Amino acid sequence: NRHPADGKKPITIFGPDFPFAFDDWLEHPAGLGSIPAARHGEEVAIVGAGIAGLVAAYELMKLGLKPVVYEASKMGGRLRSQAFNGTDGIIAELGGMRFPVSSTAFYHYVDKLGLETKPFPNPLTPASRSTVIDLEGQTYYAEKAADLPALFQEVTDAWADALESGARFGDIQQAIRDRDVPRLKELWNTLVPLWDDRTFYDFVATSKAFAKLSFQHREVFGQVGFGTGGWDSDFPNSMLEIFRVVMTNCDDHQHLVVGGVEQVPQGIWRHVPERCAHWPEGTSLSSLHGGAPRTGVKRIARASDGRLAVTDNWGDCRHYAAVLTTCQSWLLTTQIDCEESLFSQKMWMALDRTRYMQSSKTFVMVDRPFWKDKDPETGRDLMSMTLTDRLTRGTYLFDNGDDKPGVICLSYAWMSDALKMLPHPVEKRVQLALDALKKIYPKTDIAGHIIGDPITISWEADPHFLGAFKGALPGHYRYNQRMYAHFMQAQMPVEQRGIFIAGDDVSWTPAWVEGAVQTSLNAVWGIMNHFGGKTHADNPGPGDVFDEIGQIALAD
């Protein structure tokens, strides 16, 4: 139980758009349901061996199907843990790195695997010893929030007030705690039509609290943020997306997975459940595949026999009664030739109009966590978690024990600040970061502690992603609602049935692994239903309650 020890019922990612108890579904001893025995052993294609792909595969295998996973690049997708030269257990998190404990469906799989987690070192948490804020050449050091000048407290207070006055934050959170669905939906559904079409930035600037403060206060709020770095990158996003972040504590109480979160997908791959339908004891996704996913998918089409024909990179064509796609949504045009008649024209527009955000990270390894040392004159740590308006933006320090090498994320950038780095090689990104940090820390010799190889990523640049994660712009609620409900196919024409989607791009909470796991499980219900299956009476699943508690539809 990683929840904060505050004596309350815990905040979880429980809707608010679809407040279904994924955790309870997953933990119930009846299982996720059954498929008729005569269909046991039939294949279902799953494009993408990211977390959504492998979650859907694992559970469908448990239901007595043979998932067939395809993966065009690397195992784990945006959960990716690259090992530094010559080390064991020392990694850089290139995608997902800090996992809110509200992510109960994600953590089900973490615990099923027996993996260890620890608090992530976000600013001003017990996990981080100190934080340095550097803005317009003015540098502030703090071991607790009270060490900061008054403006920073004025900003936090205004933010908390805008959420309470503007969104009924307190009431929503209590309903989440209690899992009081009618109440949560009443409270949430009111916000949906009021904020789809307005931005994060608009919410802030027009709120009472910020409107009476200087421009500089909301500016500073953009650059330094509310617990997890500056979110000026997301000022443009629809406010509903942000409401979702804060209401479900995605931005608080976060852990990193010891040894790398890539152990989650790699472990699901290899995991042998005690009880599968159909399959013999000792069966895993890996044993069913003979060890690897298939190669990348090049084409999806409807075959004359009514099945879906999937052709790989090397022209191998295989037929399936159903196909789940988990690649980011653009790839169904840019990377796969997906026959158009497989989605409605309304669906294509959702898939095609979804915006993906940009992200950069640059990492080095260091011989020891030297930042813990004290400057004798000042009493400060030699280095801190760094928030700045310089090009690095966010710098994060990873302590692996005094007797092991440290890891430093030199820069974690979003959007514009990511785009600055796009065409530059690793050596240049490192240099620029180190020069930026030398300005903030003139006395600290970081370069002198650096060992191993540097590691960078730009998710935008990779043709298998075309972005770090979705970001909902204002007015995209309708596209999301279509994509999120696509697993409910009882009213679709026959020509559109049997193909499914999932991923954090399908979810209402992109950039958060829980969104990939929950939509993945919705698709599991959908695929089960497609094979003539159904949930157990004592353990109803997504599609059994979707029509009553799913996301509101808006007007045409």
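Numbers follow the displayed sequence, beginning with 1.
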#### Entry: 397 to 405 set against 85 to 93, stretch whose average Cα temperature factor tops the other in the entry
397 to 405
### Task
Name the higher of the two by mean Cα B-factor in the PDB entry, 206 to 214 versus 255 to 263.
206 to 214
### Message
I'd like to know which of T388, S102, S238, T131 has the highest C-alpha temperature factor in the PDB entry.
### Response
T131
### Query
From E340, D312, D196, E186, which pick has the Cα B-factor that tops the rest in the entry?
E186
### Summary
In terms of its chain's C-alpha B-factors, the third that includes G64 is the middle
### Message
Test of reading the entry: by CA B factor among the chain's modelled residues, which third contains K470?
### Response
lowest
### Task
Comparing against every modelled residue in the chain, figure out the third that the C-alpha B-factor of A490 lands in (lowest, middle or highest).
highest
### Query
Relative to the other modelled residues in the chain, which third contains the C-alpha temperature factor of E460: lowest, middle or highest?
middle
### Message
Looking at the temperature factor on the CA atom of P19, which third of the chain's modelled residues does it land in?
### Response
lowest
